[PDB]
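Structure, as structure tokens:
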Ligand SMILES: *[C@@H]1O[C@H](CO)[C@@H](O[C@@H]2O[C@H](CO)[C@@H](O)[C@H](O)[C@H]2NC(C)=O)[C@H](O)[C@H]1NC(C)=O
Ligand SMILES: *[C@@H]1O[C@H](CO)[C@@H](O[C@@H]2O[C@H](CO)[C@@H](O)[C@H](O)[C@H]2NC(C)=O)[C@H](O)[C@H]1NC(C)=O
Ligand SMILES: *[C@@H]1O[C@H](CO)[C@@H](O[C@@H]2O[C@H](CO)[C@@H](O)[C@H](O)[C@H]2NC(C)=O)[C@H](O)[C@H]1NC(C)=O
Ligand SMILES: *[C@@H]1O[C@H](CO)[C@@H](O[C@@H]2O[C@H](CO)[C@@H](O)[C@H](O)[C@H]2NC(C)=O)[C@H](O)[C@H]1NC(C)=O
Ligand SMILES: *[C@@H]1O[C@H](CO)[C@@H](O[C@@H]2O[C@H](CO)[C@@H](O)[C@H](O)[C@H]2NC(C)=O)[C@H](O)[C@H]1NC(C)=O
Ligand SMILES: *[C@@H]1O[C@H](CO)[C@@H](O)[C@H](O)[C@H]1NC(C)=O
Ligand SMILES: *[C@@H]1O[C@H](CO)[C@@H](O)[C@H](O)[C@H]1NC(C)=O
Ligand SMILES: *[C@@H]1O[C@H](CO)[C@@H](O)[C@H](O)[C@H]1NC(C)=O
Ligand SMILES: *[C@@H]1O[C@H](CO)[C@@H](O)[C@H](O)[C@H]1NC(C)=O
Ligand SMILES: *[C@@H]1O[C@H](CO)[C@@H](O)[C@H](O)[C@H]1NC(C)=O
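Chains as they are written, first to last, in the entry's author numbering: chain F, 1002 to 1050; chain P, 706 to 827, 854 to 1147; chain E, 755 to 803; chain C, 855 to 951; chain X, 557 to 625, 632 to 676, 689 to 705.
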């Protein structure tokens, strides 16, 4: 029972980290390799780089 | 080779077609609790009813999962109010969509690429599989309507009434969108059409060559199937009891000890069911996230032209086309890539008569003897006139200014 | 006698382990080559030290 | 020591540093072109003028305020080290996980 | 099937037995587990009407009236439609197609109209248009 609970908690945490990694990848693709026009997606104010 | 007064400007372009594959839905299953725990036995149920409403919890979870799968498919595909159809005429100024439009010859209305995808992708213990609400023909018709609307109306049909427009004019629209003037397409239409057809043929050949690219979909099916098989295997274990078969222990021993044996078996099987349900819930959450991503891509990449970098394929984005697949969607992204670059010397401004001229849209380039103005993604020199440039300031503030003569088109007419 | 519990537990753990490397590769490996800055830092007054 | 192991990551940290350095060099010497296709050299002030036109300001503003913009950028980049080191709770997100 | 002379039963699915040698004589009989499935009740708003329909999920209609041991079904009680999702009792069949009022499955949707009060049809994806 203890091992099963630990494994389930690890799975949930891994899903959360996957979501964060996807967000980081999108931010890298758009904010770094370009000049995003989305508001507050790459920091407050008009985005330069 | 970085330097403070040197740039590289492309002189040619390539049209590329890439693919992206996204799973959307997962097989809807529902497991009868009492039938799985025990088969044709009253003592099982009488001992089981002490455990409360766990069966209701399991059934609620599975029903929610199935309804969410249906909602995922409906949200991803049903994005058009009408059902358009391409006219029988196949004149598009050179472009050829025979590999993506539906083929009436085949018994099932599908494009050749859809059939290629479909042919590349491959029970009695209370578990049942429910059919999806939307069959394959419905999603095929949805994809056909989306493709026909994209071909015959551009992006205007995604915001309001569909408006017809010739395909070369839509091509010029997209080219002006990415930052290249219309004359480039209107003068290289034949080359662009040939490259588009070649790219479509290449992607067909590449997809037909290997099935590993479809693994994203294929894996999913395996996972679900495995999560079923293991479950049935759990019915062949004693869980610390005398025998894994309920009938033999029931017919062998008297109530006051057969009951403890049955309690052991019930505990084990309930643990197995809980594990299966939790795994299904987590996998359903992941699939839902993927389906939401697919819906966003369909809404932005297909129904319009996306300015987000590396969102609808590598390079500057021109359009995309959708295709169906078992439990998934495949996007064909059509993008633009600069091909051949040339070196040029550069200056940020030009001093003419004590004033600085700045380019309106374009860059100043010198081939070593003269100065011209071009666009920023295709070499096209032009004489520097007062209409390509605007005047502001003096000749001593900017750093790196250069001396040249700015031509005035009004003066020769005035002299004449 | 308990069947195949810890085998699937191990499978889930290795799945998470693979997802970690997948996340890192997706986030960082977005460039096909490896560019290098010129030896002289002549950027018109800007400083990138 | 009771049946648990930690598997070293596939990518060593030096590889990550090299990747980030490559990205930085590309975005410094070629603007945003290396994302789409082949990298094309372009002077940095011209790239800044490109971005200024992108956010809706004509490029003469930068070409006449270059030195002031450079000084402000240098000061802002300098302040980041102090703003990070001085506060020991800045990195809480990673320490939490 | 064909069993080798030394074989008695077979396990094609590889976890359960589905074939056996005949006990009376030397033939071979296959075994299919007895049918079952969920029962769903399809109804409009209860304060609109009381007529309902019953959907036995995933089972042929040549079977519903006589197995279960309460309300009864009666063959004349409806047309007993046969859908890909299962056996449907209490609703008619209409060739026309409308929006999916109630999701049944496999492209079949049910609705209420004032001849049984409940009808089942093939869903219409939308009004056809040509540009
Ligand atoms: C731009 O590139 C395209 C192909 O990348 C060139 O088109 C080819 O041109 C050669 C000769 O120049 C022909 O033999 C090929 O048949 C052409 N390909 C196709 C598909 O038609 C094009 O000439 C290049 N343009 C410039 C100005 O260099
Ligand atoms: C679009 O391309 C297809 C090739 O995929 C063309 O189909 C060929 O048509 C010719 C003449 O009808 C046949 O001899 C070939 O066997 C066909 N090939 C295939 C693979 O079907 C089609 O004609 C092209 N359409 C247009 C308008 O150019
Ligand atoms: C730089 O471009 C200019 C403008 O085209 C070139 O000058 C012309 O060269 C052609 C030869 O291809 C002559 O026929 C024209 O008469 C020239 N223009 C004038 C006004 O005389 C120049 O040769 C180019 N330089 C280089 C190194 O390519
Ligand atoms: C561009 O041309 C102007 C004039 O044609 C140059 O201005 C000269 O600058 C020098 C250095 O201060 C003076 O000695 C001359 O008297 C100036 N000329 C005139 C007519 O006043 C200017 O230097 C040139 N710039 C470049 C980059 O070549
Ligand atoms: C960029 O800024 C750094 C400081 O962050 C400068 O490095 C300093 O250089 C001076 C000499 O000019 C030394 O006296 C300092 O000790 C250096 N500081 C450090 C922290 O090393 C660097 O010179 C600047 N470069 C440019 C091109 O502006
Ligand atoms: C780079 O540009 C310069 C012009 O400043 C030119 O002389 C040189 O040949 C170019 N290099 C190549 C490899 O074409
Ligand atoms: C460019 O760099 C060279 C150094 O080789 C220098 O002599 C020249 O003045 C610089 N020009 C500009 C506009 O920065
Ligand atoms: C329930 O009754 C009210 C008033 O009697 C009526 O307005 C409403 O439409 C009824 N519900 C439905 C689903 O028709
Ligand atoms: C029940 O109906 C299905 C419809 O597909 C048919 O395939 C099957 O043979 C039928 N069974 C009997 C016993 O009539
Ligand atoms: C209309 O429905 C009847 C069954 O009630 C069927 O026999 C007939 O073929 C249908 N006609 C059309 C045009 O679908």
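Backbone N, C-alpha and C fix where the C-beta goes; we use that ideal spot for every residue, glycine too.
Inter-residue Cα distance where the pair is residue 756(E) and residue 780(E): 39 Å
Rounded C-alpha distance that separates residue 750(P) from residue 989(P): 14 Å
Outcome for residue 1048(F) when other beta-carbon atoms lying within 10 angstroms are tallied against a minimum of 16: buried
Cβ neighbours of residue 710(P) in the same chain (closer than 6 Å, five flanking residues each side left out): 1076, 1077
Sequence ranges, alpha helix (DSSP H) only - wholly within the segment 863–930 of chain C, length at least 4: 867–883, 887–890, 898–908
Assumed close pair residue 735(P), residue 861(P) - CB separation to whole angstroms, cut-off 8 Å: 6 Å
Inside the segment 757–795 of chain P only - alpha helix (DSSP H) runs reaching at least 4 residues: 759–782
Touch test, the segment 1061–1070 of chain P against the segment 721–733 of chain P, Cβ-Cβ under 8 Å, three pairs minimum: yes
Below-8 Å beta-carbon distance, residue 917(C) vs any chain P residue: yes
Residues from the segment 1020–1036 of chain F in contact with chain C, defined by Cβ distance under 7 Å: 1033, 1034, 1035, 1036
Distance cut-off 7 Å: residue 1130(P) Cβ against heavy atoms of ligand 7: yes
Simplified DSSP assignment, three categories, for residue 944(P): helix
Beta-carbon proximity of residue 837(C) to residue 893(C), cut-off 8 Å: Shown here, chain C extends from 855 to 951; a query on residue 837(C) therefore has no answer.
Straight-line Cα distance separating residue 731(P) from residue 867(P): 14 Å
Neighbour flag for residue 732(P) against chain X, beta carbons, 8 Å: no
Identity of the residues DSSP links to residue 1073(P) by a beta bridge: 714(P)
Residue 738(P) - containing alpha helix (DSSP H), residue span: 738–742
Residue 778(P) vs residue 817(P) beta-carbon contact at 8 Å: no
Boundaries of the alpha helix (DSSP H) in which residue 1009(P) is found, first to last residue: 986–1028
Sheet register partners of residue 858(P) (DSSP bridge): 736(P)
Cβ-based burial, residue 900(P) [other Cβ within 10 Å; buried from 16]: exposed
Any non-hydrogen atom of ligand 9 closer than 7 Å to residue 641(X) Cβ: no
Per-residue burial, residue 794(P) [other beta carbons within 10 Å of its own, 16 or more giving buried]: exposed
Within 9 Å of chain X by C-beta, residues of the segment 860–887 of chain P in sequence order: 860, 861, 862, 863, 864, 865, 866, 868, 869, 872, 873, 876, 879, 880, 883, 884
Test: residue 792(E) CB closer than 8 Å to a CB of chain P: yes
Cross-strand partners of residue 650(X) (DSSP beta bridge): 611(X), 643(X)
8 Å Cβ cutoff met for residue 790(P) and residue 591(X): no
Residue nearest to residue 619(X) in terms of C-alpha spacing, selected from 698(X), 593(X), 580(X): 593(X)
C-beta atoms of residue 753(P) and residue 742(P) nearer than 8 Å: yes
Beta-carbon proximity of residue 674(X) to residue 596(X), cut-off 8 Å: no
Alpha-carbon spacing of residue 1026(P) relative to residue 1135(P), whole angstroms: 54 Å
Top-ranked residue by Cα proximity to residue 588(X), from 568(X), 696(X), 671(X): 568(X)
Nearest neighbour of residue 914(P), chosen from 1106(P), 973(P), 782(P) [CA to CA]: 1106(P)
Residue from 931(P), 1090(P), 1147(P), 943(P) whose Cα sits closest to the Cα of residue 1113(P): 1090(P)
Residue 1040(P) vs residue 889(C) beta-carbon contact at 8 Å: yes
Min CB distance residue 801(E) to chain C below 8 Å: yes
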